[PDB]
Each structure stands twice: as structure tokens, then as C-alpha cells.
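Report on the structure given below.
Order of the sequence lines sets the chain letters (A, B, ...), proteins ahead of strands, with each chain counted from 1.
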Number of protein chains: 2
Amino acid sequence: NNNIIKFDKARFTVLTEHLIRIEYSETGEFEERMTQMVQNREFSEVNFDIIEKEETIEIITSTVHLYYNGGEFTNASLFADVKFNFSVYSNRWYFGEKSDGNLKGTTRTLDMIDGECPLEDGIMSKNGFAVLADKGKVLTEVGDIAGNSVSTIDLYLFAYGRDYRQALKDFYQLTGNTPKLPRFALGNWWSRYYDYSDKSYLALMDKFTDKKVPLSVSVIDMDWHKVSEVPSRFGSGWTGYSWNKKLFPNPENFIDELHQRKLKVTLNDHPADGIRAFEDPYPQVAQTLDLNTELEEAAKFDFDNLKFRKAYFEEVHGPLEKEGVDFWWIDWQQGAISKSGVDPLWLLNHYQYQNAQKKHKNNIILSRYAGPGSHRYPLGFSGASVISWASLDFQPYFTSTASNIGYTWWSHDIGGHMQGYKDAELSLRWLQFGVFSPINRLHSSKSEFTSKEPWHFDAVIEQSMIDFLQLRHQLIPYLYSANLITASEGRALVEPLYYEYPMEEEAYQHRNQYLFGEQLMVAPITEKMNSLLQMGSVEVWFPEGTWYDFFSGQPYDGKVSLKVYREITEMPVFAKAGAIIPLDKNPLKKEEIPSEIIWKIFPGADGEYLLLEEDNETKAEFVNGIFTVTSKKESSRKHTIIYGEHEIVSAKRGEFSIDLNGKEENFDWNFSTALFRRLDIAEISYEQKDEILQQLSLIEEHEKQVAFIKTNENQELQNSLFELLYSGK
Amino acid sequence: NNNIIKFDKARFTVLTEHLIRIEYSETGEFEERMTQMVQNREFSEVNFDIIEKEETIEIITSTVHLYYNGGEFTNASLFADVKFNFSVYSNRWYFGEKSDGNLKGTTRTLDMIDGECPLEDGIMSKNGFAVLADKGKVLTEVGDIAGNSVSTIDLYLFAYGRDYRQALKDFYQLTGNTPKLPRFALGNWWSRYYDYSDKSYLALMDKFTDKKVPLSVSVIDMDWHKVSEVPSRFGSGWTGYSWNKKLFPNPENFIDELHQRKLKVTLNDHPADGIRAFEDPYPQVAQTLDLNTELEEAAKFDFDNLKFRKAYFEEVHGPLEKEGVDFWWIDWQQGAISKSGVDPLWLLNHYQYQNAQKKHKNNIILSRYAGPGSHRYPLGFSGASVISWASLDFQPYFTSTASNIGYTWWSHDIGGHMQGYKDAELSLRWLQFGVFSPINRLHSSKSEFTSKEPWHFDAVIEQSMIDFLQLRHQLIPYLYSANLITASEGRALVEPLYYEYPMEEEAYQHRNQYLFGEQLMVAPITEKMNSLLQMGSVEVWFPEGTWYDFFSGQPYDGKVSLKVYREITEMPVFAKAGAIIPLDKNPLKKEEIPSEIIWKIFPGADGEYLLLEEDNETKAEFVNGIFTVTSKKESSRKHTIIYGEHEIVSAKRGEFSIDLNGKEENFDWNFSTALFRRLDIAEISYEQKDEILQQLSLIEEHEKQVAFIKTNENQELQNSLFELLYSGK
Ligand SMILES: OC[C@H]1O[C@H](O[C@@H]2[C@@H](O)[C@@H](O)O[C@H](CO)[C@H]2O)[C@H](O)[C@@H](O)[C@@H]1O
Ligand SMILES: OC[C@H]1O[C@H](O[C@@H]2[C@@H](O)[C@@H](O)O[C@H](CO)[C@H]2O)[C@H](O)[C@@H](O)[C@@H]1O
């Protein structure tokens with residue numbers, strides 16, 4: 001209560017030096033209960049100053065002056081100046097007004113979105129402040145909706161300046177941390193809106209195995225249940241809780257077959273038409289909810305109702321879980337209306353996520369975003385994106401920006417959901433992004449033409465998709481370790497560049513560029529290739545330091561902004577000198593944790609990586625060319641070491657140290673080989689190819705090689721050749 | 001009161017299985033009085049089911065579940081599920097919310113509209129439900145405004161699925177049927193915003209006669225009254241009730257001359273500036289309304305005021321009716337403001353239509369649309385459209401869609417009203433549409449350059465316009481019979497395709513295509529011709545069955561979507577095998593009812609037509625090749641029979657039967673003649689003409705003729721030649 005101040009009809013709680021709760025109450029009673037958004041207001045004491053007069057109060061922290069002149073909250077009575085100079089005159093917050101600078105957050109869904117859509121604000125601002133209004137209902141101690149807050153205005157003023165990571169950590173302290181995901185969530189998911197049989201689904205899973213594509217999750221979309229078989233008097237077949245017996249004559253046996261293949265199983269649930277009289281569970285639900293069965297009274301969807309929720313979980317979901325369903329895909333698109341005023345999507349995510357923990361430890365849902373704090377109910381499901389280059393070009397930005405409201409587990413339909421147009425290169429670029437996204441779930445529309453199976457495409461596209469799908473499983477150790485860091489430390493897997501580089505203007509000018517964990521920087525290509533180059537491109541900002549392409553070892557001297565070119569089969573992913581990345585050596589092998597880790601080391605600096613696991617922690621240190629691996633607990637795990645180009649240690653057990661000062665630091669990547677390959681694939685004149693190869697071979701001085709390419713009439717070819725010269729400088 | 005249910009502060013009236021009145025009352029009193037919209041709530045008893053609990057009620061009909069959870073009406077408390085599967089999740093109505101599917105209705109006016117404008121919703125939805133809010137004032141038993149309803153919310157839930165015609169019939173039962181039009185309303189009207197004299201107007205009417213163009217109505221626009229002669233102290237000359245004596249020195253004599261030519265006469269009335277002190281009727285109105293004549297107090301327009309309305313009808317209109325004015329063109333553009341809150345346009349249409357019945361049986365007005373139920377006051381006047389291809393291309397869609405709110409007598413300015421641009425082909429296409437529209441009124445702006453006289457144009461355009469104007473009068477029997485069917489059975493003359501073909505997707509994809517009565521299907525051409533073809537075109541959907549061009553006999557096998565091409569002088573109008581269409585044999589002859597009917601029969605199927613008239617009903621039956629004509633009452637009428645190509649019976653009196661099994665079924669239309677004509681008019685290379693004529697003559701197999709035209713480099717020429725091959729298959 002030292003950090004609590006009352007003045008007129010207002011209450012101010014100084015939670016941190018940079019976070020102030022602001023309340024109004026007509027009744028002089030203020031709200032202590034949790035809300036849909038806020039789970040915890042216990043924060044360590046902080047120092048601040050007050051100037052309290054007859055008519056006014058000023059609260060002063062290290063970063064903000066908050067002023068209240070009494071009366072009802074207006075833009076004139078309640079306002080704040082930040083103690084920063086990030087702008088010339090955008091340093092003042094006025095109650096109920098917008099200011100410039102917000103770096104945005106996320107939105108409910110990408111349903112029906114072709115390219116960009118507007119986002120809600122987040123808690124991050126280039127000008128150093130943000131206000132997060134709490135407009136939600138209060139909860140009970142066990143987490144049911146209690147009704148309206150007695151704080152009829154309840155706001156959180158964030159004044160973290162450009163300390164974005166601390167703003168997000170303290171947001172997680174206020175709204176609750178993200179829970180740990182289970183390891184299975186981080187592998188490849190298969191999904192398709194397609195009327196598979198038990199037989200054709202298992203045949204497809206076995207084809208994945210034959211094709212060397214690993215999967216963690218088998219999604220079964222809505223054709224699992226009755227659709228066309230629903231009498232039209234009941235409405236549509238969109239909602240269903242009854243297996244189609246022609247396609248799934250023995251559901252538990254089919255789910256047992258997926259479980260024997262080490263797949264987790266989820267079903268699509270369209271909840272909005274509730275439980276109607278044709279459904280297999282209807283007789284039990286009708287008994288529980290005292291429905292008029294002779295008038296075929298439906299159990300209408302009503303998540304405000306405790307008895308409805310219990311019948312839904314116990315008598316509708318329950319029998320399907322007993323057949324082996326592992327977790328629920330909540331696919332809600334029917335609006336925000338309820339008698340309580342609570343969004344039905346929030347009620348579903350909150351209650352289903354809680355219910356999911358009963359049968360499985362660290363279980364998930366798959367559902368759309370339900371507003372600030374809904375990160376407590378992973379995973380995010382963005383929905384029915386339009387299949388286009390424009391949609392892909394929006395999606396990396398969308399994903400990293402979501403970290404600004406703490407929603408760090410978006411699962412996008414990889415390759416896009418529906419409508420749009422066919423382009424196998426779009427499908428391949430989208431999968432590249434997906435593999436370097438929070439979740440890699442392949443999914444598609446009801447079209448006969450939109451399957452994301454790699455072997456849908458030509459041999460080049462197929463092989464590249466298989467390679468990227470294998471890479472996702474190689475990355476599960478790195479992903480699972482980052483997941484435990486999200487849960488315990490409040491750090492997002494995917495960060496916008498400005499989290500690490502808040503004072504670099506270029507960190508705000510590369511919307512689709514992001515940090516992926518702590519060791520990798522990703523610049524997805526999201527534009528159709530230039531046919532004259534047979535390469536796509538993206539402008540990359542390289543921070544200070546020496547950077548390596550993660551795949552090729554091509555080097556780049558930061559700090560620089562440089563257009564980079566890749567063939568459709570290659571993705572721009574970069575690691576600094578000293579980076580250490582663990583990889584599963586056996587990504588196809590079905591085993592709860594890897595029996596073998598590859599330690600991939602980028603030479604040129606010291607580094608360190610901590611591999612967090614279910615039942616271990618393993619530290620890899622690279623210090624003055626000595627690489628050491630230690631673990632809390634011992635195991636039979638075999639460690640492989642790759643130092644730049646070369647495997648140094650194969651399948652060594654236990655803790656150890658090896659000196660790498662003696663070993664070759666340099667990657668094989670060389671200017672001449674890369675130049676020949678770019679000229680060779682280009683759809684340009686052979687005379688141009690001959691002249692460029694000859695002149696760049698003959699001209700010795702780097703500055704004169706650049707002058708030569710500066711004369712080229714092909715402006716994009718100049719930029720491609722300039723990237724090679726910059727790396728070879 | 002079995003079909004009436006009260007619950008909390010609500011009342012539900014189950015009017016049909018598919019129509020429910022929904023009311024809220026704070027006072028517990030509910031509204032029994034008629035409203036501006038609703039004239040009748042007497043409906044036959046229907047069966048339905050109720051589930052009534054302590055806190056909730058559910059009403060169940062054959063097609064809808066209506067739910068009310070008590071309290072004030074909100075999107076959460078009042079909602080409905082339809083018992084249809086036309087959509088996957090657009091089958092729920094929420095109070096105060098919009099859903100997808102509405103097929104739209106109409107709007108007040110096309111004043112200042114160049115092309116499309118937004119329309120209001122109608123009662124028709126592809127998803128099977130619509131809500132019609134009653135926001136109007138209550139009426140007295142005699143039809144004066146009584147004030148505010150005691151049902152402060154009063155809604156009609158329509159749940160007819162895709163039974164659009166029954167929805168419209170029951171809408172007419174609720175809001176009152178359309179009245180019968182008089183026969184004169186269905187002929188050609190002449191109108192022009194032009195300062196004619198008595199002499200020049202009669203000279204123009206006599207020129208129509210000399211030119212073989214029949215007219216039913218002589219409109220006199222606002223230059224009938226003082227305009228420039230109004231002193232500026234009184235405001236403008238827009239409103240006027242005083243003849244310009246220079247132009248009309250003897251009005252009654254001039255109107256007697258129009259009456260001797262068998263014309264009905266209407267004057268433009270701009271009511272909004274009321275009756276000012278310069279007007280001829282002002283001294284009488286001033287006496288009646290106790291105005292201060294020495295301060296020249298105006299009788300301001302006030303249709304809320306009983307004494308104003310009586311002075312307007314009796315002392316302003318009355319003297320002009322005594323001079324011979326037959327009906328009123330109410331031309332109101334001055335807004336929706338009144339102290340009552342009732343739109344002055346509604347007050348004008350309601351009261352003027354009632355007043356018009358005093359001197360003439362089944363009299364009309366001509367006025368803009370005044371909201372749902374204003375079909376009770378025909379005719380609709382769409383107003384000041386911009387003269388453009390875009391305006392014409394909107395107008396068929398506009399006209400058929402208006403049937404969805406029961407407003408089936410739109411009169412458009414044929415050829416467009418004002419601004420826009422000159423194109424004699426646009427004028428001709430617009431007249432083609434007009435002739436196949438509810439009303440065929442030629443009208444134009446104050447421009448010296450926008451007259452719709454046929455002889456304004458070149459000899460080709462003039463002759464075609466004269467032919468279409470004669471065709472309108474040939475169609476009056478068919479129109480008048482359809483008019484009596486609108487009045488008695490609630491069936492629109494102009495129907496969207498989806499009224500007849502609700503489950504055919506193509507019936508929703510041909511916006512400008514419509515049924516015209518029960519025997520004809522119209523696809524107006526509303527795009528400028530392709531100069532290379534010298535033909536315009538429209539994509540026609542042909543339903544199942546055998547169809548014939550009404551003019552040429554060109555055949556088409558349904559079901560198919562086919563681009564059809566016509567010269568600027570020809571319009572796509574189609575009749576099914578078995579169609580029977582009556583035509584006036586003597587459209588120029590002035591006679592109250594035709595002394596001679598042509599029965600035009602399309603061979604290939606049975607058919608039937610009922611000709612409703614003022615004092616008769618005549619049935620034409622075509623059954624197993626036997627054509628029979630019978631009538632309720634006998635007459636001297638002479639019947640002509642045309643069976644396909646050939647006149648079989650000329651001028652036969654009385655009831656009779658003739659066997660047509662022996663007679664030639666086939667039209668003359670043939671592929672070779674039509675091919676030669678299309679190639680001959682085309683502005684293409686003579687070498688192409690020669691090759692196409694030669695190859696299509698030489699190649700015998702239909703499939704190889706199509707393959708030949710498929711190679712043509714002119715893509716539109718392919719489609720034109722494909723139409724001929726499809727008809728000749
Ligand atoms: O469960 C089937 C899919 O439903 C939702 O997407 C639908 C989409 O595939 C298509 O049918 O259009 C409708 C209307 O826009 C969508 O609701 C889910 O978003 C999707 O993931 C499912 O596969
Ligand atoms: O009575 C004359 C015409 O008045 C209305 O149209 C006017 C139009 O012709 C022009 O003068 O522009 C004004 C302003 O937009 C319009 O009010 C009627 O719509 C028209 O039918 C009359 O001929």
C-alpha cells in the first residue's frame with residue numbers, strides 16, 4: 001500500500017518504475033480480483049516521488065510524470081509526460097487519445113485476408129509509452145467470470161522507453177507467463193480440409209514415412225463428423241460431434257494406429273451450432289440439460305453456462321478423448337456475441353485450455369487470438385488466409401509484431417488456406433518461412449488442387465520441401481529450449497529486430513526480418529523470383545559483427561544493408577561468429593528426446609548455448625577456441641561437433657572438452673564458385689555471362705571489380721553481383 | 001390469440017409458419033393499429049410449437065427457431081436459427097445485426113446517379129431469412145398519422161427459405177396488395193423538360209400520329225407554370241401552380257385537345273415552396289388558412305397539416321383538375337424533414353394517391369419510392385439518372401431487384417434524364433429495355449440536345465425506335481393482364497431469375513436478365529457494340545427447355561450459359577416451346593380494348609395463357625397440338641393465330657378450336673442466312689469473311705465446325721460464331 005495512492009475518485013498503483021495501474025471508481029471501491037487479462041498485481045516495491053496538492057497529484061518515476069487534476073478522467077484531467085526524448089512533441093499521453101509511435105501487436109485472425117490487415121496496438125512504442133486498457137470482466141479465484149469490475153476505468157500505463165524485452169517480461173508478470181508447450185507441438189503437423197477415410201489417412205501417414213518427411217501431429221478436419229448426412233431441418237453440417245461411420249467405422253482403432261506411428265491427434269471443432277438432436281451425444285446431453293427431446297430441443301452453444309460447459313467437456317468431448325483424441329482444434333468464426341459480454345472465443349480458449357490439462361501434461365489447444373492475456377492458452381491459429389504472395393509477404397511481420405502483445409505461438413496455415421492462385425514457388429517460400437516460425441502446420445482448403453503434400457509438386461520443389469520439413473525436426477531441440485525460455489523468462493522465440501537493436505533505425509526498416517531464438521537471424525524471401533536471375537531477393541540489415549549464412553557459410557561484415565539473392569530452394573538465415581546451434585542428428589528417428597545432438601559452431605568469436613530439455617540442461621561453451629559440453633544429469637546421448645565446414649567429433653558420449661584452435665576456421669564458400677553458379681542459372685545473354693566471368697576473374701582490385709559491375713545494364717544483376725563482391729571483400 | 005405469445009416485455013405473433021411479428025413494450029401495451037408500412041395482421045391460424053421456461057422462450061415453426069432469453073432486445077437476448085442449410089454458418093439472425101445473403105430491394109431515387117448506387121435490403125435472402133423493421137407511425141382507421149406506436153420495437157422475421165414468391169405474396173397480405181393500374185398507364189408516355197406552347201405541344205402530338213408512334217400519356221413538365229416570371233423576392237419558380245398564360249392562354253381548351261386525341265394529361269408538381277402570394281390560387285388558400293395577405297404570408301408546404309392538405313387538394317390541384325388534369329406527377333427532391341418525423345414524400349404519395357381516386361377509377365400518381373408499403377401508391381418515378389451506358393447497365397438489375405420489396409411499377413426516364421453524353425445507340429438500347437420494363441415513359445432534361453423524339457436520330461435509329469414504340473402498344477394486353485395478376489395474386493410483372501429458379505446458381509449470376517410476365521425472358525443489351533462485329537452482346541443463361549428468340553425464332557437448347565449477339569436494332573427476348581403471347585393487332589388504333597388479338601404460339605410443347613381484361617377473361621390453350629380460345633363473356637373481337645412462322649387463322653370471331661398438328665412447326669431462322677448476315681456487317685477483313693463462310697459451308701460435322709471457329713484470332717468473333725453453331729446444332 002506504499003505503492004498504492006488514492007486521490008479524488010482515482011487509485012494509482014506503481015507496479016514498477018515503468019508500469020502504473022490507473023483506476024476510477026464512482027463507489028470508492030476498487031477492484032482487487034483478477035480479470036480476463038490480469039492474473040497478478042504482486043510486484044516488488046519501487047521508489048517514486050509524489051507532489052500532492054489540494055486539487056492535483058503528480059506521480060514521478062525514473063521514466064514518467066503521471067498527472068491527475070481531479071474529477072472524471074478526460075484528456076485534460078489525466079495525462080503523462082515521459083522522461084525521454086525519442087520524439088520532439090509525442091512524449092505526452094492524454095487519457096482517451098492516441099499518440100504516434102505504437103509498434104502494433106496482433107489481431108484475432110487472418111480469415112479472408114489477402115495480404116495486409118490492420119493490427120491492434122501492443123505495449124511497445126518507439127516513443128517509449130503505451131496504455132493497455134483493461135475492459136474485461138473480473139474472475140473468481142478458480143477462474144470463472146464474476147461479472148463487472150468495480151474499477152469502471154482500469155488502465156496500465158507502460159513507460160519502458162525502448163526496453164521492449166523488460167516491458168514484455170513485466171506484461172507476463174501482470175497477465176501470467178505463457179505455459180510450456182509440449183515437445184510434439186514443435187514438429188511438423190499434417191492438415192487438410194479433405195474427406196479422408198481411416199484407410200486413406202493412414203496410407204498418407206505411411207507415405208510421409210516412405211518419403212522421409214517427419215510429422216508430430218495428425219490433424220483431422222471437419223469431414224471426420226457427419227456433414228452431408230445432416231438433415232437440412234437441423235441447419236448445416238458445419239458443427240458436428242458424430243463420426244462419419246463410412247469414413248471412420250472404428251475411430252478408436254484408427255486413433256490407435258496414429259498413436260502407434262507416434263502422432264498426436266486433434267479434431268476440428270466448429271462449436272457454434274451446439275449439440276442438435278441428430279448427434280450421437282445428444283441423448284446424454286439432453287438428460288444432463290433437461291432438454292425437450294420430443295421437440296428435438298438443441299443444446300445451443302452457451303459457454304457462459306456452467307452446465308453447458310460441463311456437458312460439452314464431459315459428454316461431447318469426453319467420449320472422443322476416450323477414443324484417443326489428444327487435444328482440440330477450436331475453429332470459431334461465428335462472432336463475439338454473448339449475454340455476459342465476454343467473447344465466446346475467449347470463453348472457449350480459457351476453459352478448453354484448462355480442460356485440456358486434465359488428461360495430458362502441458363497440453364495445448366489450437367484457436368484464434370482472444371485479446372491480451374490469451375497467450376495463456378496456446379497455440380494461436382490464424383485461420384483462412386488467402387493463398388497469395390501478398391499474404392506470405394505480410395506473415396513474417398505479422399508473426400514478430402505479435403510478440404509486442406506477448407502472443408508468441410502463432411500457427412499459420414503454411415502455404416496459405418484458401419482462394420488465391422497456384423504457384424509452386426509460393427508454396428516452397430511459405431514452407432521456408434513456416435520452418436522458421438513458431439509452429440509448422442501444413443493446412444489447406446476444400447479444393448482438390450491445394451494439397452501441401454511435397455509430391456504434389458515437381459521433383460525440384462518436392463525435394464526442397466522434404467529438405468525443409470526434415471530441417472524443422474532437426475530444429476526441435478533449439479525450439480523446445482526456446483519454448484522453456486518463453487515459459488520461464490518471458491522471452492519470445494520470434495523477436496522483431498528492434499528488441500535486440502532498439503536504437504538502430506535500420507531495425508525498424510526490415511519488417512519481415514527477425515531473430516529466431518538467440519543464435520539465428522532470418523530474412524525470408526516473400527517475393528516471386530526475378531526470372532532473369534532465377535533468384536528471389538530480400539534487403540537484409542546486418543547488425544555490427546561478422547555474420548554467416550547458416551546453410552552456405554557465405555560471410556557478411558556488418559553493419560550494412562545489403563540486397564541478398566537466393567535460388568527458390570535456399571533461404572536467408574544467418575548466424576554471428578561464435579554462434580552454437582544444436583541440431584537433432586536423427587530427425588526421422590522416433591524417440592522422445594534425441595539420442596544424438598550435432599553442435600554446429602560458427603568460428604571467429606566466443607559463444608555459448610544452453611540446451612534446456614524435459615529432464616536435463618546441457619551447456620555448450622566456446623571460449624578461446626576450447627569447446628566444452630557439460631550437463632546437469634549424465635546420459636548415453638552421443639554428441640557430434642561440426643566446426644565451420646568439418647565434423648571434428650563423431651558420436652562422443654558424456655561430458656568433454658576439445659581444443660579447436662588447431663582446426664580449419666574457414667567455410668568452403670568462395671566468390672568464384674558462387675559467381676559461376678549465379679551466372680550459369682541466369683536467363684541472360686551468354687555474351688554477358690562470358691564477359692562478367694572473364695572481367696571479374698581478370699580484375700584484381702576489389703574497388704575495380706565493383707566499378708565493372710556498376711556499368712552493367714541489368715540493375716538487379718548489379719545488386720546480385722554486388723552481394724557476392726561484398727561477401728568476398 | 002393462439003398465434004399470439006407474450007413473454008417478459010415481448011409479444012410474438014406467428015402470422016405464417018415463415019413470418020413472425022416481434023414486439024417490445026415498456027408499458028405492457030402492444031400496438032394493434034395499422035402503420036405506414038403494415039395494413040393487415042389478419043392471417044389464417046398456423047401450427048407451431050413452444051418451449052417456455054422460467055427465463056427463456058423458443059418458438060418453433062416448420063422453418064425457424066426464434067429464441068428470447070428475456071430483458072431488453074439485444075443481439076444476445078433475441079436471435080433465430082433457420083431450419084435450412086443454404087449456408088454453413090450464416091443461418092442465424094441476431095437482433096440488430098446484419099447477415100450475408102440479402103438479395104436487396106430498392107431505394108428512393110436514381111437522382112444524380114451515374115451507374116450503380118447502393119440499395120436497401122429487401123425481404124429476400126439466399127440464406128432464407130430477412131427481418132423487416134417497422135419504424136413507422138401508427139395510422140387511424142381512415143389512414144391519418146396517429147403518432148408513435150406503443151410497440152417501441154416492432155419487427156417482422158421472414159423465414160421463407162428460397163420460396164421468394166410466397167414471401168412476396170405474404171408481404172402483400174401484411175402491407176396491402178398493389179392496386180390495379182388503369183390500362184392507359186401501360187402505353188407510351190411523352191415527357192420533356194421543355195417550354196412548349198399549347199400550339200407546339202399539340203403539333204408534337206400530331207407529329208407522333210403522322211410518324212405512327214402511339215402514345216397513352218401527355219406529360220407537361222414545370223414550364224406549364226410561371227418560372228422566370230416569378231419575382232425573385234418570392235424565391236425560385238421551381239414550385240408553381242399558375243399557368244404561364246403566354247404558353248397556355250386557354251388551358252382547358254388545350255387539355256380538351258389532348259383528351260380528343262385520347263391522351264391522359266399530368267402536370268409536374270414541385271410542392272416544396274407551397275403556395276406563395278403571387279400564385280393564382282393564393283387568395284383562396286389565404287382565406288382558408290387565415291394567412292396575413294398584406295405581409296404576403298406564404299402557405300408553406302406542410303403535409304402533416306389537415307387544413308394545408310385540404311387546401312392543396314381542393315383549392316390548388318382542384319381548379320387544375322377542373323381544367324382537365326387527370327393525375328399528378330409529384331416531383332419531390334427537398335428532403336425527409338417534417339415535425340411529425342414522417343417523410344414528406346410518404347405523406348404526398350399516401351394522400352395524393354387516395355385523393356386521385358375521387359375523380360378517376362384506379363387512378364395513379366407518379367412519384368419517388370417512399371419506403372416499404374409505398375407500392376400501395378403506384379407509379380414509382382426513379383428521377384434524374386445520368387445519361388450513360390453505366391446508368392443503363394444498372395437499370396434492369398435495379399428494376400427486377402425492386403420486386404424483392406414489392407415495388408413493381410418503377411417508371412424510369414427512358415434514355416436517361418440529364419448530364420452524361422450523346423450516343424444514339426445508348427438511346428435505342430435504353431428504349432428497348434423501357435419497352436420491356438414496368439412503364440415506358442420517355443423523358444429528358446432542360447437541354448436543347450436531349451429530346452427522346454425518334455426523328456431526333458438518323459433514319460436507322462428513328463425506324464427502330466418507332467418499331468419498339470409500336471411494340472409497347474402491341475404488348476398492352478399482356479401488360480394489363482399481368483397488372484391484374486400483380487393486384488389480385490401478388491406476382492410481379494418483372495421477376496429476377498431466382499424467383500422461378502431459386503436453386504440454380506446461374507439464376508444469381510445474370511443481374512440484368514429477368515422474367516417479363518410468365519411467357520417471356522428478357523436479356524437486355526446494356527453495353528456499346530463491338531465495332532468489329534457491328535453487334536452488342538450479353539451473356540444469357542438459358543434454363544432447361546427449348547427457347548426461341550421472340551422476334552427471329554432462333555432456337556436455344558437449355559440449360560446453358562451462352563453469349564448472344566444482336567445488331568443495335570434487335571433485342572434478346574426469349575419464349576419457351578409452348579409459349580402463347582397475345583398481341584394487339586392494331587396498336588395505333590384508338591379503342592379502349594383491342595378489337596383484334598394476335599395469338600403468337602411457339603411450337604414444341606403444350607401451353608396456356610389467360611388474358612384478363614376490364615370486363616372479360618379469355619383462355620388460350622395449346623394441348624396435343626389443338627389450340628382452343630374460350631371467353632367468360634361473348635364479344636365481336638376477331639382472333640388472329642400465328643403458329644411459329646405462319647398466320648393460320650385471320651380475324652375469326654367467337655370461341656373456337658383449330659388443330660395445328662398438320663401445320664409447319666419450324667421457324668425459317670437458319671444458320672446459313674444468319675452466318676452470312678453476321679459476316680456481311682462485320683468490320684473485319686474480307687479474306688476472313690470469305691474463309692469463314694467457305695469453311696463453315698464445307699465442314700459437315702458440327703464438332704469440326706466448332707473446332708474451325710476455335711482457331712479464329714478474333715475472340716469475340718469466335719463467341720458470335722459459336723452462338724450460331726449452338727443454335728444450329
Ligand atoms: O473446417 C473447415 C475449415 O473451416 C474454416 O475455414 C473455412 C474455409 O476452408 C472455407 O470453407 O471458407 C469458409 C468461409 O470463409 C471458412 O470458414 C477454418 O478456417 C479452416 O481452417 C478449416 O479447414
Ligand atoms: O421539373 C423539371 C425536372 O426536375 C427534376 O430534375 C431536375 C433536373 O432536370 C435538372 O434541372 O437538375 C435538377 C438538380 O439536380 C433536378 O432537380 C425532375 O427529376 C425531372 O424529372 C424534371 O424534368
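- Residue B:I50 comes nearest to A:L295 through the heavy atom pair O-CD1, 3.8 Å, listed as atom of the first residue, atom of the second, then distance.
- For B:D49, the part lying under 4.5 angstrom from a heavy atom of chain A is the side chain only.
- One distance of note links OH of B:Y94 with CD of A:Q334; it measures 7.0 Å at 0.5 Å rounding.
- Under a cut-off of 6.0 angstrom, the local environment of NZ in A:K307 is sparse, with at most 12 non-hydrogen atoms contributed by other residues, nucleotides or ligands.
- The shortest non-hydrogen separation linking A:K339 to B:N69 is NZ-O, 2.9 Å.
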Exercise. After noting the C-alpha distance and the side-chain angles of A:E296 and B:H65, does the key distance pass the side chain to side chain contact (heavy atoms under 4.5 Å, CB included) rule?
Worked result: CA-CA 11 Å; A:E296 296 179 299; B:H65 299 260; over 6 Å; no

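- The greatest number of non-hydrogen atom pairs below 4.5 Å with chain A, out of B:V88, B:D81, B:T74, B:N91, is found for B:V88.
- Using a 4.5 Å cut-off between heavy atoms, B:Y67 contacts chain A through its side chain alone, with no backbone atom that close.
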For this session: Given side chain to side chain contact (heavy atoms under 4.5 Å, CB included), test A:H270 with B:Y89 step by step and report yes or no.
Result: CA-CA 10 Å; A:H270 295 144; B:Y89 56 79; over 6 Å; no

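- Partner B:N85 forms a side chain to side chain contact (heavy atoms under 4.5 Å, CB included) with one of A:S232, A:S228, A:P231 and no other, that one being A:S232.
- The environment of CD in B:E26 is crowded: more than 12 heavy-atom neighbours from other residues, nucleotides or ligands sit within 6.0 Å.
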Exercise. Could you walk me through whether B:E97 and A:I337 pass the side chain to side chain contact (heavy atoms under 4.5 Å, CB included) check?
Worked result: CA-CA 10 Å; B:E97 306 290 328; A:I337 296 165; 4.2 Å; yes

For this session: Apply side chain to side chain contact (heavy atoms under 4.5 Å, CB included) to B:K83 and A:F234, showing your working.
Result: CA-CA 6 Å; B:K83 295 169 58 175; A:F234 289 106; over 6 Å; no

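- Taking all atoms of both residues into account, the shortest heavy-atom contact from A:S236 to B:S87 is CB-O, 3.5 Å.
- Between B:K53 and A:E297 there is a salt bridge, with a side-chain nitrogen of the basic residue lying less than 4.0 Å from a carboxylate oxygen of the acidic one.
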